[PDB]
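# Overview (structure and organization)
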Number of protein chains: 6
Amino acid sequence: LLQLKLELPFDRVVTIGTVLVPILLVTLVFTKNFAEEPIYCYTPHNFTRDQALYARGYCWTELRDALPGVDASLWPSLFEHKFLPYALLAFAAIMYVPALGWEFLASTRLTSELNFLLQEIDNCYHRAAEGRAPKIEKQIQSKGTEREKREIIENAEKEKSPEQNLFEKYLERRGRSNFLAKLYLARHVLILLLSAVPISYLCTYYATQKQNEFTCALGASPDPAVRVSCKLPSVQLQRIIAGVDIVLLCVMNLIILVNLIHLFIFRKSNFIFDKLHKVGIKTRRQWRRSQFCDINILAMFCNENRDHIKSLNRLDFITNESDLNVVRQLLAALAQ
Amino acid sequence: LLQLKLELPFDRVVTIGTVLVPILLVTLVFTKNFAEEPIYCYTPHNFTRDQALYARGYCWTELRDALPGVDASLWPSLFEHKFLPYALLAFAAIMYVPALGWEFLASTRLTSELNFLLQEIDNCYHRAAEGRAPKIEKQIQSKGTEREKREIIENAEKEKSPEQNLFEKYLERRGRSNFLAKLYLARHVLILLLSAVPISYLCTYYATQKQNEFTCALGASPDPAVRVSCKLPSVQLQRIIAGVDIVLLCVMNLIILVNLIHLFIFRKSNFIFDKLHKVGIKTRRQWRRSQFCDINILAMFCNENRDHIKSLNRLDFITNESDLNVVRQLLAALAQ
Amino acid sequence: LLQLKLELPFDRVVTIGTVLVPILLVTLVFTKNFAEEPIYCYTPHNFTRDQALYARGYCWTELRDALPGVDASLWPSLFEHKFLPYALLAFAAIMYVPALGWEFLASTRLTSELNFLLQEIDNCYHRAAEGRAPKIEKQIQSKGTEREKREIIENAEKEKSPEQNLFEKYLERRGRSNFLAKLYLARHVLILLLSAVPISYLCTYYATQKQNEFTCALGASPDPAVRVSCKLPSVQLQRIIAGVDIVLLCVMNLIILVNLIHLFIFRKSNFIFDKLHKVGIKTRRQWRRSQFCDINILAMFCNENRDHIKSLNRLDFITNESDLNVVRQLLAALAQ
Amino acid sequence: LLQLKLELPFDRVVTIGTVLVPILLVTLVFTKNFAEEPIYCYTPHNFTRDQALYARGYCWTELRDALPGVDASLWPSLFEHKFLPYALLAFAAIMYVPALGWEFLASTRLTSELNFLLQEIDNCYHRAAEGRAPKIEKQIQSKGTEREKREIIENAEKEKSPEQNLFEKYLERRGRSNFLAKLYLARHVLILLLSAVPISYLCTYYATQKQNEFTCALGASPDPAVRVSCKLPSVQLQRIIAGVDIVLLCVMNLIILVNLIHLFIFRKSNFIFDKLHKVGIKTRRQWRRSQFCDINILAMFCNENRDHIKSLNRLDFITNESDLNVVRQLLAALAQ
Amino acid sequence: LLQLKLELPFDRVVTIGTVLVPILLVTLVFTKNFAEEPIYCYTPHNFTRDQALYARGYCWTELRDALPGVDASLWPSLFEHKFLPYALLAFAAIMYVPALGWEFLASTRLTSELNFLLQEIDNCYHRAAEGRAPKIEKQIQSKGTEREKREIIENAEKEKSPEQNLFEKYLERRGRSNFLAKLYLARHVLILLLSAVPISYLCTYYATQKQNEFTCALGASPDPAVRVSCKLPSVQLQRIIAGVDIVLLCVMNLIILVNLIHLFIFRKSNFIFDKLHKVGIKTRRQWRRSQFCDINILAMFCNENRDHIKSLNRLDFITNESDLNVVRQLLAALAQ
Amino acid sequence: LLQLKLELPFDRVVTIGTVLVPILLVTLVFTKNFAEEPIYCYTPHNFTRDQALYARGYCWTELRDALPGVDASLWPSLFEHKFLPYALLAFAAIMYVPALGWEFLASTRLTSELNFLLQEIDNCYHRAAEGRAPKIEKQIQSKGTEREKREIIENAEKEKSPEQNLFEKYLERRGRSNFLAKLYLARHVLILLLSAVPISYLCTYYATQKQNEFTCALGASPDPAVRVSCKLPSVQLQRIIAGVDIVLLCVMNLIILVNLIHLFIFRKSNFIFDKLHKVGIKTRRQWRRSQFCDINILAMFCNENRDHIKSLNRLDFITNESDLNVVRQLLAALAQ
């Protein structure tokens, strides 16, 4: 069985909104184009049924307008309409280097450091019935105010208990090694820069390629040049999925930006040492100086895994329901 | 094994009736249109078999009527008939934001708070054979009316028993935090508003797009303009699934409305604290002031899970069969 | 269950970057060519619909230009355009001899020598609670500086302990048998040489095969020779995937080169005896003379397997957090 | 679970190099031929579109040149070009009698005699901690040179120990019954002779069938004979996979030859009694007279299975690291 | 798990050689015929493109030559060429009654009588360490030639031991009930007779149906009879798989014959009571009178299962290695 | 695991012989007809290529001969040839009511009464080592002819033993309730009557529908009636699978008849109380009066399950080998 997942809901949403519907919007064009004649041309009268097939298969691989008067070098081309069944397929696979920079680069160290937290660090507040319940509040009832609780509670974590080498040493080591925040940031700030020529390419295409009717010109008749006006069927649908992707990809560059700015400059609630700060383990103000620690990133992964761990669920029901007396009934409930 | 499901029958019915038969009613149109010629046109006599293909493939990508006398700008268009193979496919995928606002936003906290109720809170009335059976009614038989039962029964839950920190504290905490009701309501009131332009779009289409016969006009003959009257095959079937969806989607904006109004203004039977109110745990009148608590929502999820939990099945057989003496034989049955 | 994998991320990246998208870029050409007419020719007027099929199916299996004036031996050929649907398929299968030189040649000895390390050598620093904890620092606390720790710590590994025949003998045996480094190097230096005629073939093709219009010539009319100018559709797309592969394969010959040079001449951090050099087992300077030992290669495989081994994860949390006192609390934590 | 495999890497390489790429090189021809017109013929002018179909489907089932002047009996045929889509398919299935001479003839006796070695003969040198460790070197330490070790070590295997009826009796029985070597040799020397008419058939085809243009002749017009020159499309590709197979099958007749000659005349290291000859069980020179024993074949199968047997892996780490003192620390390590 | 198989290698070879490649040689004809025009006819000049389709689809369902001069009753037919795509399919399913006469008639009794031998009769020579080892040779060592071993060994099986009701009673019962030999013989002697009209049918077809060119005649022109010479494409390939099957089926009637004759008249080594005749259980000469017992058939099934039974594998290693002293070390090896 | 099967081999043979090859003989006709032109007609000369398509698609949906002279009401029809692609498909599904009268009507009671026999009634003659072995023959050896064995053996089953309420009460209850024989007979006598109009339909079709050439007549020319003689391709193959089914279904009405008559009037060996009649449980002559009991039907189901029940296999080896002293060695073998 497995309970630890390395993907946030934000990452899944980004993946399904910038890599997936790309692909699902491309097969429509492929199935529309392959189910129709590539081009329609107005062949002259005295053209046999096989002599007019050359005129229809020759102006499709050429795609060159023939403006009267001008030379043969200033003829505008139309290769873009033919070329981007695939240009939409080369942009849905480029958006994988950021996605593959996690499953192949940091898919072992992070889960190695997290499975330890899963299996080892679980004795807090689920084994406290015999660990600390008959210790702190057992002597408080049998005495005799409000200026003595701190004195007794101080000699719980500060004392070099056997269950202390696994706590406050991780905080001291990972409280300055900002390595994970130097890679998860590169996971999102890179996808914000890769989504640039995606947008910059099919933005001038939407504004400079509109026409779908050109006068193709053949030559070298077998014994005079003949000109036929042709027509391109699938131009009206190509630039309907060529500017829906514009807003679909330009709106994913805003939610990522706001997420990244609010995580690194506004939000200061880890839940990895804030939820467990009132219940006995108080952290000295050595973290407020910088929010770039890896513990902030580990906090999200810990938050995403709260269900399959039964001890943490017991803690959630037994800790946060009285957040602000409470210890009066705890001693009478666990006095076994 | 799994026994807790997070989907109500109402949600499943809504999903299969507003997202599914949408899709199953679209493939019919796709398979009907792709199995026939897109358009039929009445070409003139002196037209070769390849010169008349341009006239049949050019008036299908144009779709513009040619009324006599008027200019070239006041010609009505017919792109709607061509366009909504897909407009019916863009409305069956829009109906997922309300559906994906539950599996990705509140698919962890709710089941985290419910699996605790599944595993932890089960000692009530299945362990009562040794928990309360030799306590309350054991002394009632050996005495000596109707003005003393309450006095004895009061010192069962009011007393700070060891099995009391898990009860009446959840009621006190979740009795004012109306968070779940602020999201489940947003899951249904949003699908009632998303189903608006679905209906407002293909309602004017049913009333303004009727004709299927237009006189297309070509031009620029290779050496006079020629006009051909054409015909659209699949117009009589498109607007048969374009107004069956009207009633199919306008009838799901009424059952959701009546469900939401009757849950929030009429129904006041939780079954999460009403069924268990006569059997010993009596709740003070602190809930009647508001029906917006999360416990009301948890009541539906608890109701949907009554079978795979054998203890609750024992309770159902052993509690509700004598709802209104009864305790006379209970002491004689469990006196082991 | 299995936890040891014999493939590095570098090998997987190389395989998916030089063997895979090769294949994925070939099916596009096959599906493009098979969905169009192979060639278009300008047949004369007095040609029946079956007499012009010979002219279209005869200049496609010939593919020979007919320059006027010259003889029948100096006619340039065009077989390259027809021939390399498949020449791109014979280069995606040649890149398997290096890939199959590992799964069939050294896929048993390496994992045989590694499963021993997995199952056998695990008692270090996870069984040390009863193995060395009450031995070294137990007597240090109960005495009486900085010139005596080495004297006590010397008689731990130097002494012929029962758990010593499995250590420092592997180092002595594999410290001079440079066999694995004589094969893993041949695994990569061979793929750097196999990727030569791949590049040298479709490099002159990109520079000497440009034209796609030739004047084919028939003969032996059934009672004069007739010449028809033909046209090749799929030439403009063939040399778009014939020079994207150039850079796609010429860029994989640089990362492999830098990896191989920096492994064998710049990196001197094994992590197989460097991480475990401060924590008690100190290695004499018998390795610094050569970096060609098999232990360097085994170090990478050990690094790739750090998660599923729980003892090594415990070591990682309990060893490297205080790398540079520390032993003061270790005795008080494991004094059971 | 299964750990014993009956196929050597050499056999797998031979199978995938002489039976498989045969097959993958045939489907290409089938998909190329079936995707094109079988033949192209130059029909005369006054031929209707259905009268010229007989001329195109009649010269394809005839395939007979018509040289002028000669009679109707000296006309060369061209049936080979039509015939060997399938002649390449009848040679990829003939190469199975040697392959099916092992899975049906000796796929039970060999693995029956090998599972005994797997399960029963495993007590050597893994149970020696209590079997021979306190026996041989336990008395060597407690005495008092180099002329007494043999005397003590002699009375270990020579003595009729309880674990002796399973050793040196197999050597005596299988040391003269050369049955397996009379069948494995027939498994390879037969595939060297079956790969003869494969090569001898499509070697004269590569040298005598070159032309692909013949003048077919019809007759019996319905009221004079008419001759039409035809053309065969797929002749230039058929003899490209008709001489790549020549070298592909003529190079597999050399590696098999060198393997067979070096196994039977040069290599004399079994590893089935050579590796285990220094560690206590010394074999008398009764094997050097002939290398045709079945133990030589069993040696390869034992070598291919060294990983899933953990006892043999322990032996490999604990035996060969000191091959050439060593026993000085073995007594101190296993003195439990 | 299952270890007993009811199919001999001979039966599998027969099934794959007379039922399988039949089928694999039929799909080739079906895919060849369905990928070509059924017939080619030389229609006259003044025939429209739809009037000549009747002449091509009418002489294919008629298949009747028209010899000049003779009447309309002496016209040879050609229905055999059309009829035996399927006549080759009705002979590959007839060869199943002998194959289905075993899985439905004797697929329960045989394996019922064999699973008993598998599970019950296994105590011989694997439990002999405590069953007979301290009994026969234990007293031979402690005495005091060659005229006394038989006297002691006689009172081992002749005596009415507890493990005797399961031995020599099966021999007495099944030593005269020749029922299985009356059915397995019918399983092979029937397939030798069913494969007769298979051969007798397509033997006259190979000798009397050669021509593939007939002059079909139409009639009743809508206002004179017109004759057209037609041609059959697939006649030269039909009789290439119509005489390869001749030898393929006539060679399977010889190996079966030699197997059956040598089993019933030459071979007299059961291995079911011959291998176990020297090791203590000696059978009286009551079997040499007839080799038609069912024990001979059970011997083959026992031989095919010698691997998954580890006790019999131990016996095979420990019994046949000294077949012709030997008992001298057996007592010293099993004296526990 | 499951060992009890409710289908006899006779039922499986019937199902595969009257329901299966029906279906397998229908797809051949469907694939033959759909791969050819439905009809061929001899259109006149002055008919355009689209005016002759009406004549070919109009005489196929009419199928009415036009005899000269007679009126328009006495024209014979030919709808049968078109109609029985499907009439052969409506007869392969009718043969399921007898097949579905067992899996839905008596697929619970029978296996309910048989699983009891499987699990409960197994103590006979496998537990007899301690149940009856030291009881009957233990006192016979220690005494002192042939006129006393019956006296001792009588007080074994006649006595009201604890293992007697499960025996001879089933015989008394099911010895007169002939319910199962009233349904299994209806399962076969119904399939003998359902296979009637199957045969009676395609028997007159084989004798009255022979011709496949009719002169169709059109009319109402757009400004005289025109008659065209047409031809039906697939008539010669339809009545080849229309009279092979005749004998294939008329031969299944004989084996069922002989089976039913011999079961109910000739065979009088149940094996459910005949095999177990000599070994101690003797049945009084209360069954010979009628063979219509359900125990006779249960006997076949018991016979089909003799393998997976190991106790019954032990009984088969230990009971029937001495059917006709025998008890002399049984006491000495089981005297534990």
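Each remark here, short or long, concerns the structure printed above.
First, a word on scope: everything that follows refers to the structure included in this document. (Residues numbered from 1 in each chain as written, not as in the entry; some residues may be left out. Chains lettered and ligands numbered in written order. Part of a larger assembly, values for the part shown. Heavy atoms only, no water.)

The next subject is the overall build of chain A. Secondary structure assignment for chain A yields 18 helices and three strands. Since a compact globule built from 336 residues should have a radius of gyration of about 20 Å, the 34 Å found for chain A marks it as more spread out than a globular shape. Along the three orthogonal principal directions, the C-alpha set of chain A runs to about 120 × 35 × 30 Å. Evaluated residue by residue, chain A yields a buried proportion of 42% over its 336 residues. For chain A, the exposed surface amounts to about 19,200 Å²; the carbon and sulfur share of it is 60%. Of the charged side chains in chain A, 41 are positive and 34 negative, and the gap between their average positions amounts to 7 Å. (Helix = DSSP H or I, 4+ residues; strand = E, 2+ residues; numbered from the N terminus. Rg over C-alpha atoms; globule rule 2.2 N^0.38 Å. Buried < 20%, exposed > 50% of the residue type's maximum accessible area, 1.4 Å probe, protein only. Areas by Shrake-Rupley, 256 points an atom, 1.4 Å probe, with all protein chains shown as cover. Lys, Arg positive; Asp, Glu negative; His and termini not counted. Charge placed at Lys NZ, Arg CZ, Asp CG, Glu CD.)

With that settled, the discussion passes to the interface of chain E and chain D. In this assembly, 37 residues from chain E lie in contact with 34 residues from chain D. Summed over both partners, the interface of chain E with chain D comes to about 3,700 Å²; 58% of that surface belongs to carbon and sulfur atoms. Between E:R314 and D:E120 there is a salt bridge; the shortest N-O distance is 2.2 Å. Linking chain E to chain D there are eight residue pairs in polar contact. Those elements that place two or more of their residues in the side of chain E that touches chain D are α1 (9–24), β1 (40–41), α3 (51–58), β3 (227–231), α17 (310–319) and α18 (326–333) of chain E. (Contact = heavy atoms within 4.5 Å. Buried area = accessible area lost by both parts, 1.4 Å probe. Salt bridge = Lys/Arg side-chain N within 4 Å of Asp/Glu carboxyl O. Polar contact = N/O pair within 3.5 Å; in protein donor to acceptor, adjacent residues only side chain to side chain.)

This part is about the pairing of strand β3 (residues 227–231) of chain C. All names here are of chain C. Here strand β1 (residues 40–41) pairs with β3 via two bridges, running antiparallel. Pairing of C41 across the sheet is with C230, part of β3. The sheet contact formed by strand β2 (residues 215–217) and β3 spans three bridges and is antiparallel. Bridging from a neighbouring strand, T215 pairs with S229 of β3. (Pairing = 2+ DSSP bridges.)

On to the state of the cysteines, then. Inspection of the entire model under this criterion finds 12 disulfides over all chains. Two residues, C:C41 and C:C230, share a disulfide whose sulfurs are 2.0 Å apart. Handedness of the C:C41-C:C230 disulfide follows from its S-S torsion of about 110°: it is right-handed. Of the residues examined, C:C41 reaches a relative accessible area of 5% and is grouped as buried. Here C:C59 connects covalently by a disulfide to C:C216, the sulfurs 2.0 Å from one another. Residues C:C59 and C:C216 are joined by a disulfide whose S-S torsion is about -70°; by sign, that bridge is left-handed. Here C:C59 falls in the buried class, since its relative accessible area comes to 1%. Note on C:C216: relative accessible area 2%, which makes it buried. Within chain A, bonded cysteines paired by disulfides and numbered along the sequence follow the pattern 1-4, 2-3. The thiol of A:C302 is unpaired, and the distance to the nearest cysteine sulfur, on A:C124, comes to 13 Å. The exposure class assigned to A:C302 is buried, which follows from its relative accessible area of 15%. (Disulfide = S-S within 2.5 Å.)

Attention shifts here to the interface of chain F and chain E. Each side of the interface is counted separately: chain F has 38 residues, and chain E has 34 residues. For the pair chain F and chain E, the summed buried surface comes to about 3,700 Å²; carbon and sulfur atoms form 58% of the total. Summed over the shared surface of chain F and chain E, the number is two salt bridges. Linking E:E62 and F:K231 is a salt bridge whose minimum nitrogen-to-oxygen distance equals 3.9 Å. The set of elements that each furnish at least two residues to the side of chain F that touches chain E consists of α1 (9–24), β1 (40–41), α3 (51–58), β3 (227–231), α17 (310–319) and α18 (326–333) of chain F. Per element, the largest residue contribution to the side of chain F that touches chain E is six residues, and it comes from α17(F). When its residues are assigned to classes, the side of chain F that touches chain E shows 16 nonpolar, eight polar and 14 charged. (Nonpolar A, V, L, I, M, F, W, Y, C, P; charged D, E, K, R; others polar.)

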